[PDB]
Amino acid sequence: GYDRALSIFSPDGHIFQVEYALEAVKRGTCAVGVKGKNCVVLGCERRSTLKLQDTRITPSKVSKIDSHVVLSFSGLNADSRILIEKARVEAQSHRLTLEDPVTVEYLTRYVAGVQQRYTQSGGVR
Amino acid sequence: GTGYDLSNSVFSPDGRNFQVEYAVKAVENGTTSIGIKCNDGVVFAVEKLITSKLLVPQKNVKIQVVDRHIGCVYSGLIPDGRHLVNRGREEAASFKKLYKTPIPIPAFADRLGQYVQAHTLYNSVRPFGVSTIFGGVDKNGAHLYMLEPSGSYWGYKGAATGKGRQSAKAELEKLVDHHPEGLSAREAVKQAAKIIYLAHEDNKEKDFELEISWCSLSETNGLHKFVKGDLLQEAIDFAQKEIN
Amino acid sequence: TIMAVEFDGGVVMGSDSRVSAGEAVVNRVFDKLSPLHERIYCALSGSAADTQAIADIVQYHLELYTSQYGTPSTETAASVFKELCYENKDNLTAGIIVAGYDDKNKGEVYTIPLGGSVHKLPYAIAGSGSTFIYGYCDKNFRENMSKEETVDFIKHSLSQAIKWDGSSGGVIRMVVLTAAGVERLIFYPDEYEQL
Amino acid sequence: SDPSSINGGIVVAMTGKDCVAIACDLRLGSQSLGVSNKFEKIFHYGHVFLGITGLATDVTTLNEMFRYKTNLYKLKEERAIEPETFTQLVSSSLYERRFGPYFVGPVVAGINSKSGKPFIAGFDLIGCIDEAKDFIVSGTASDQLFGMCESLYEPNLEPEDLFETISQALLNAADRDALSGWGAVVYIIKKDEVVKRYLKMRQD
Amino acid sequence: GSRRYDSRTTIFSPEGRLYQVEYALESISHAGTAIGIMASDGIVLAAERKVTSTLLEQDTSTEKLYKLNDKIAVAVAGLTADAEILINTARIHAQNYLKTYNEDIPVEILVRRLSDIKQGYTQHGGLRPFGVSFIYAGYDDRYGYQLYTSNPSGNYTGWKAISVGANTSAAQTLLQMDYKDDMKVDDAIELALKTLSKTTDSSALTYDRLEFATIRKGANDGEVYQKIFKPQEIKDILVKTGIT
Amino acid sequence: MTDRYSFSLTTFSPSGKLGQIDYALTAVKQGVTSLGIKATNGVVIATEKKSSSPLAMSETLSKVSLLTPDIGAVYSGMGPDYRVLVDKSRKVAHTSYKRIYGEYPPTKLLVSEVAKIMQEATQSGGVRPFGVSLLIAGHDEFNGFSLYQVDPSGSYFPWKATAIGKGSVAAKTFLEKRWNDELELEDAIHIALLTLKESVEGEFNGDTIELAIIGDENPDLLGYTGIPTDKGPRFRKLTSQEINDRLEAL
Amino acid sequence: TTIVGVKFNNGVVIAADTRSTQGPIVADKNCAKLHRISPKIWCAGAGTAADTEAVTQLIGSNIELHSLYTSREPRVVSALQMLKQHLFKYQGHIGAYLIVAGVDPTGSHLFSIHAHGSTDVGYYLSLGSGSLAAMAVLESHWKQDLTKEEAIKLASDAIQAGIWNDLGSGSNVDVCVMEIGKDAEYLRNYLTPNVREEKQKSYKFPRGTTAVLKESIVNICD
Amino acid sequence: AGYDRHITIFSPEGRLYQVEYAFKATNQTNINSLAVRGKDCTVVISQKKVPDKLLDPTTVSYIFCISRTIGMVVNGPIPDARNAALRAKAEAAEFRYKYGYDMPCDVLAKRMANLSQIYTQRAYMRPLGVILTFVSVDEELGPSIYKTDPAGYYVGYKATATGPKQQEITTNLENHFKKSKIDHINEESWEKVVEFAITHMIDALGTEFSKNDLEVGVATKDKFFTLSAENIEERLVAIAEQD
Amino acid sequence: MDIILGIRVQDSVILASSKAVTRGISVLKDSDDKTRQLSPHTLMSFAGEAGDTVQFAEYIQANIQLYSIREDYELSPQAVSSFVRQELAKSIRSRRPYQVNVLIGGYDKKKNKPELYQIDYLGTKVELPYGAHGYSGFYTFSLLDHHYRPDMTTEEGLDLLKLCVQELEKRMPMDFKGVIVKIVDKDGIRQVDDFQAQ
Ligand SMILES: *C(=O)[C@H]1NC[C@@](C)(O)[C@](O)([C@H](CC2CCCCC2)NC(=O)[C@H](Cc2ccc(OC)cc2)NC(=O)[C@H](CCO)NC(=O)CN2CCOCC2)O[C@@H]1C
Ligand SMILES: [Cl-]
Ligand SMILES: [Mg+2]
Ligand SMILES: [Mg+2]
Ligand SMILES: [Mg+2]
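The deposited coordinates for this entry were obtained by X-ray crystallography, with a reported resolution of 2.75 Å.

Written as structure tokens, this is what we have:
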């Protein structure tokens, strides 16, 4: 039922909900990636506002999508789980029908396409 | 506070629905139209304002037939009238298909009433911008009905809505008193022509075109027909004479 | 075996009283004449399920009609039956005669055979037993009979259909529809067999 | 063809003095070919036991299903489902697939924890309950089991006597059916403890 | 239309926060305190009953401690009714996992699914979030004893000791003070009560205002046991720890 | 047309309140007083039949209602909200229990089911919460007699005794004094009639008071004989006559 | 199966045999075919047993709910219409054949329903494989103005005719008597004219007669 | 904040303003109705006001024949009234089809009550600006009066009145039942129950009636019928020859 | 039908699967591998209807591979078998059922024990010391009933298959073009490449 347009243009040509989504990313714990000649490295900071955790079971910031591709993120942790699960299913789908793992560009292009759709679909931020 | 006139299904503190009342203004803003119940039938008449010499005369017909025995004329937003008749036709097709007999006028009037009223239950719809005068001949006699944007309707001896309603309602009140035994169909056509010429004086700036229709047990076999040729000219003259 | 006949004072409806499942009689004193309004009756032939389901739906349609538009015409009652039987013809095995009395058109008789077609008639016969009485009914029916002649015509006609058809039997029930109202008549074997 | 005769197998249940027994064969076959001599047909949810004969996939699926339902039952009710209640759950569960049924012949057995009353029941594949006091039979050698039980059985048997009577009923019935046998197990059930016994029977 | 009355429960602030989540967290901060403490040989759940009477039946009463599985329990902080909706779909996921794989659900898997459901009410549908925070205490054969926490935002994390509801800042400081990794269940129980005893907005901490649960692996078995402590058993353990 | 109200009308405020749920409790506070008492061998629920007009037949308006033969409900707040809740409650006792397990649900679970419907009206698109609080008194074989309170939020709690509506604060205080865990059912009907005299302004007799008990099985109210296991319903509304006999010993 | 209803001067009585059968085999020597739709409306079924049990409880539930909503006693005409519209919707695929009888505010009623959703009324009815044996006795002995005692006798005899002459029917006679004035009285096993004779032998086995391979205690407790 | 008065949600005092204003709407037609039970009948009187001379008096009615046995009179605007009339006619036909007996008065009241309760809780539906008075001689309960309002409220009455001068007609009727010490008009013929209804309506409103200022409906054992202008003039001539 | 054999020994499960693919009157291929790796220590062999056979295998594979990444963990052989049984038991009551029979051989690294599951197209699952699908079982079960021992080495296991395949090459009417043999043990899955004359 709920199809209210939440991402709309404002008078200065700006989509404020897409704008405000970036502000939630600024608030996110930092993450970095540097690619070498023969490697890529993902580095992610851990907060220190609350420390008495279990580091064995608390969900770590770098996720495996397939055995050859990984995904770090900044922003809302709960939102990131929904993108990861979608990407992990497209990985298996692609192997099944193409008989070949996704390229890194393809997997990226898919995740980028999902984020885009949630900027011009009714009922979703 | 205020804001009770911004949404359609909302009751103001005085128990009213202001969006319905605003629709009435659309109606009151429109062209004048009448009904006259005669002793075995009904007569419909409407004022058609001539915007320019470029309007093809006789060719923008405003009175609509339902089934073969019902006439409808409205005042206000012409498209909203058409939408209502399109529904009336579906409603009369439905009833006939099941019960075989053509739809009795009372049964038809409540089929319009319930629909129009349904457009005052929800803020997602706008009320109807028309008052509709319709009627005809069924198994047991002639019936004239008028139907408000609220979906309020009653039977009438005579009916009038739009710009010149007071003038028509005054003329109609005279006929009720001065013919208790009942007017005839032939007579009701002439009288209807007079009441449109007289009510035209509250719009006297633009030139106009008269349109009449009738449903009479004796004169049309209880089928709805338009008044054309000689009988139309004989009605325009009877009006043209008594305006002077 | 069911029939309706159009006479001077109105219309008359008669039926046997047998419900069978193969060659076993399930009920020998059933009533196959069912009221649809004050002066409109139906006679049911065919599937007990299919006819009873239809009669209940038509009754509802006329109770709702009455609530909104006052008394329906007999023609109207027939049109409701026709509509149901025509639109559900792939799943229905019902043969229905509809008999009504108003003050305008007096007695009328309508028949709706298996297809779903409607036939207005001076008299209609239907059901298994009817095949045996075509010759009798055609030689003996007159227009503008009296109540006493029409009951006699229907008593004799159904009498013969019970004699010959093993799918018919029991009492002959009748219903007489006139200005005066509804009169229920019954005739037992001991009266009609010796005709 | 007949889904009831592809895999083969039997279940019987009997009541005694303050005890019930439920026994089954171990055969899982595909027509003539025996496939498994370990396929058990008697499950338990708390203190209520269920035997299931018929199409083996459905036996497996119903056990999974009644485990699921009795588990949520215990979480909400904060107690173990009783035999009488479990019977109705099985009945309503089977009737729910009236026009695509599970090809099974289930058998409930257990003691009411509040009344101490020994209880048995069986069901057709669309969940018609059969609640006899004496004994319940099911599977490819039902006919045989009916004649063994009707002849051998008397009321108010002590657990150790009942064990002999249900064992001799099952054994002597399975040795007259091509699609039953290949071993058997018997559950003796009392208010407090429950003893499971594997029987030595003809391996043909 | 309806747009006028739409709160828009799934939108971002100019700062990039989710209004309805933030305000729901505010709701949960006024609810009775719940404490999870994980030891080497088991897990403790303790919670404080917000508002009580002499006449509130404490025997047939469960508002804060629910069994999801036979190996997993939750302590609730927030709207009881909202919690029961989520607890009930959590109990079903656990049975759908057992039916499918013939193995008990790993704790993180169940916790992720419940967190995923909440996350939904945060991004689509136009409905309010669930005003509920859970402490999940569970055992499985992959990670052993596990203590998780979830909140209206759909976010979850694992803990050695944690609090939700009222006075979490005060409670978290007192646990961080006296927690050690080599701790025993009997030590944890004692720690759990001391903490509540000092964050209570009431006079004394009595038995009738407490619920208590332990998930131990009784050394005389080799399997995991869930104990939801009875009134008399909270009253015992209250006198032993010297709070009488 | 079409319900385009697919969004919540109950949302968290910056203070963490749910506006509509608090306003519903306010509507429940204006309601007439109704109470419940749990004895050792029964439960009594009672309220006032605040007749709108003396021309109105107070009998034709059941504030107290049978849900299952061993459970009863009463209410404070908006009577129309109660009437549809009893309708849904009776039908969910059948579809979600009796049509599956072939016995009537226990009190706590049926209460659970009522609570759930009231919670959904707190969260579902295009609705307001119900403006009632319910007091549900029941018996089942495994939990004995019980008494529960259900609020507009969907929350419910079990009580030895309590009141809701107008004079609840004072009615609760009076029940604390007079309650013990040894009360016989008669003793509790007496305390309920005492507690309800403080709430009533005008006439106080059998025709202004509606009072029902969950107690012993009533074979004479079953309708049939010959099945020993069936001993009849535990729920019994008291007659106008029966209340007055117990008022003369007040 | 053999079931009958017999209208008498101040109410209605139904009766049934107590034999359940899987094809030619007697599954239950003594099962009750007499089910209630409401306290004073009783039911008896033949055909697919699971279909008659299921449809009897569904309409029994919908009638109980309806009674509470209307604050009135249930009417037989209600049970009848509900049963007929459901059976008809399912085109005979629900093999339920019922004799429904009861008293309500409007008096004493006796109907039959068949699987296709056909209904029948009369002062005496029978259903089942035993239908024709029962109906012979009813057609031979029935009269107008029966007493309660004469209606139980005639109902009982009609069930007997079925027990003796029809292989599908046997064991005992169950009777329910519904009188306009008073409570319905269900008489479980009103007749027991088929008791087994004392068997010739005891087939109690000497303990240890059965060879065992492996014994173990099972864990019921949690 | 200021939108809890447009839709059916609670105001901070726990009130539905839309229900309260819908009630206000019920007096718009400025008509008084009352109903009273006889020994074996039920009569409803309603004022009939025809301002316009162009109207067809015969078609102006606030009294409806819902079924063979049940009559309804509506206080409120006619479009809503007719909406409520068609729904009750539909439900009374569906009841009979499904349960094989005629819908009782109080059950139709309850069902129309529950329908109104829903507009009270769902935001997209507005309440109907009407009060519905249902009358019959029910085959279990005997002479019956049941009345529903926009709140979703309904109850059985010994007698009742509705409209602008409701409070004055009510107290008039209350006073008569205090004296008579019975809960019905002790009168064998309905003609004299209609005469009582009109007599007490005159005393309360302080107004005299001609045949065309009233509208009468009567419920008897297996029929509810409305009176003609000529059946009313007979009744008016009777009360006259007593004063 | 095609040949689907499995046998569980001391420390391994051995699956042997016919290399023939035959439409009507022509052997199309003589080197078909009728097996998919589900996880590093779980292997599934399959035979049945032309299309459904691989479509079902590759679908299960994708689902198990998905589960593995999401939980970063390998499901027990018992868990995989129960997932597969349930998928078939749905398929059996669907519009067009998968007509596929499977053996699942896996090594449970938690129990340190090999496991062999046989599951037919109805969702009939059983644990066996040795298993077969199609006509093959009519010969091999009585053979293994005689020559099988539970304490056999992987090397003995392979001689026990060489004995099963010879018996089938002797007595069955089809040319099934020999078998491909795979071992599942503590060290994962490897293909015995020299079974053409071992
Ligand atoms: C005169 O022509 C009479 N002919 C006799 C008769 C009995 O066939 C019948 O048509 C009579 C019609 C009335 C209608 C009102 C209800 C009572 C019966 N028909 C039956 O009694 C009917 C026979 C019949 C069955 C089926 C079909 O087509 C499918 C046509 C006719 N009896 C039944 O339906 C019994 C009723 C038991 O309560 N049921 C069955 O035979 C069961 N069959 C259902 C269909 O599938 C096979 C099983 O009266 C006319 C006027
Ligand atoms: Cl309702
Ligand atoms: Mg054998
Ligand atoms: Mg053999
Ligand atoms: Mg016999």
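Caption draft 1: Broad picture of the overall build of chain G. When its secondary structure is counted, chain G shows 4 helices and 13 strands. Seen through its C-alpha atoms, chain G measures out along the principal axes to roughly 65 × 50 × 35 Å. Within chain G, buried positions represent 52% of all 222 residues. Taking the intrachain contacts of chain G between residues at least 6 apart in sequence as the baseline, contacts between residues at least 24 apart amount to 62%. For chain G, the computed accessible surface area is about 10,000 Å², with 52% contributed by carbon and sulfur atoms. Taken as two groups, the 21 positive and 22 negative side-chain charges of chain G have centres that lie 5 Å from each other.

Caption draft 2: The arrangement of the overall build of chain E in detail. Check the secondary structure of chain E and you find 6 helices and 10 strands. Relative to a compact globule of 244 residues, whose C-alpha radius of gyration would be 18 Å, chain E shows 19 Å and is just as compact. With respect to the three principal axes, the spread of C-alpha positions in chain E is 65 × 50 × 35 Å. Counting only residues that meet the buried cut, chain E has 59% of its 244 residues in that class. Across chain E, every contact between residues at least 6 apart in sequence was considered, and the portion connecting residues at least 24 apart equals 61%. Carbon and sulfur atoms form 46% of the exposed surface of chain E, whose accessible area is close to 9,400 Å². Computed over 28 positive and 31 negative side-chain charges, the separation of the two mean positions in chain E equals 4 Å.

Caption draft 3: Region of the structure containing the coordination of the magnesium ion (ligand 3). All names here are of chain D. Protein-derived ligands of the magnesium ion (ligand 3) are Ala174 (O), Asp177 (O) and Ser180 (O), with the metal-ligand distances lying across 2.2 to 2.7 Å. Sequence positions of the residues that donate to the magnesium ion (ligand 3) give the spacing A-x2-D-x2-S. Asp177 carries the same exposure label as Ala174, and that label is buried.

Caption draft 4: Seen up close, a negative patch on the surface. On the surface, E:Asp70, E:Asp104, E:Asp141, E:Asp221 and E:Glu223 cluster together to form a negatively charged patch. Judged by its relative accessible area of 60%, E:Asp221 is exposed.

Caption draft 5: Structural view of the side chain of B:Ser75. Residue and element names in this part refer to chain B. Mapped onto the fold, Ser75 is located in strand 4 (residues 70-76). Reaching out from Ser75, the side chain makes a polar contact with the side chain of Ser33 at a distance of 2.6 Å. One polar contact links the side chain of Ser75 to the main-chain carbonyl oxygen of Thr161, over a distance of 3.5 Å. Non-local contacts of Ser75, meaning those with residues more than four positions away in its chain, are made with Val27, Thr31, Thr32, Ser33, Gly129, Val130, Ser131, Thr161 and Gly162.

Caption draft 6: Layout of the packing of helix 2 (residues 76-89) of chain G against helix 2 (residues 78-99) of chain H. In the contact formed by helix 2 of chain G and helix 2 of chain H, the axes pass within 7 Å of each other and the chain directions differ by 85°. It follows that helix 2 of chain G is roughly perpendicular to helix 2 of chain H by the angle criterion. Contacts between helix 2 of chain G and helix 2 of chain H involve G:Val77, G:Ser78, G:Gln81, G:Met82 and G:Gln85 from the former and H:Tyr97, H:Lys98 and H:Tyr99 from the latter. Classifying every residue of the contact of helix 2 of chain G with helix 2 of chain H gives 4 nonpolar, 3 polar and 1 charged.

Caption draft 7: Focus on the site of ligand 1. Contacts to ligand 1 come from 25 residues, most closely from C:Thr1, C:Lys32, C:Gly46, C:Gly127 and C:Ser167. More than one chain approaches ligand 1, the contributing ones being chains C and G. Within the backbone of C:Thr1, a nitrogen or oxygen atom sits 2.3 Å from an oxygen atom of ligand 1. C:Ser167 is positioned with one of its backbone polar atoms (N or O) 3.3 Å from a nitrogen atom of ligand 1. Counting residues per element, the ones that place at least two in the shell around ligand 1 are strand 3 (19-21), strand 6 (40-46) and helix 1 (48-69) of chain C.

Conventions adopted
Residues numbered from 1 in each chain as written, not as in the entry; some residues may be left out. Chains lettered and ligands numbered in written order. Part of a larger assembly, values for the part shown. Heavy atoms only, no water. Helix = DSSP H or I, 4+ residues; strand = E, 2+ residues; numbered from the N terminus. Buried < 20%, exposed > 50% of the residue type's maximum accessible area, 1.4 Å probe, protein only. Contact = heavy atoms within 4.5 Å. Areas by Shrake-Rupley, 256 points an atom, 1.4 Å probe, with all protein chains shown as cover. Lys, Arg positive; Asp, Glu negative; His and termini not counted. Charge placed at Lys NZ, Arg CZ, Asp CG, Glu CD. Rg over C-alpha atoms; globule rule 2.2 N^0.38 Å. Donors = N, O, S within 2.8 Å, 3.2 Å for Na, K, Ca; no water. Patch = residues over 30% accessible without salt bridge, like charges linked within 9 Å, V, L, I, M, F, W, Y side chains within 5 Å. Salt bridge = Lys/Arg side-chain N within 4 Å of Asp/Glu carboxyl O. Polar contact = N/O pair within 3.5 Å; in protein donor to acceptor, adjacent residues only side chain to side chain. Axes fitted to C-alpha atoms, helices over the stretch in contact; angles between N-to-C directions. Parallel < 35°, antiparallel > 145°, perpendicular 65-115°, else oblique. Nonpolar A, V, L, I, M, F, W, Y, C, P; charged D, E, K, R; others polar. Near = heavy atom within 4 Å.

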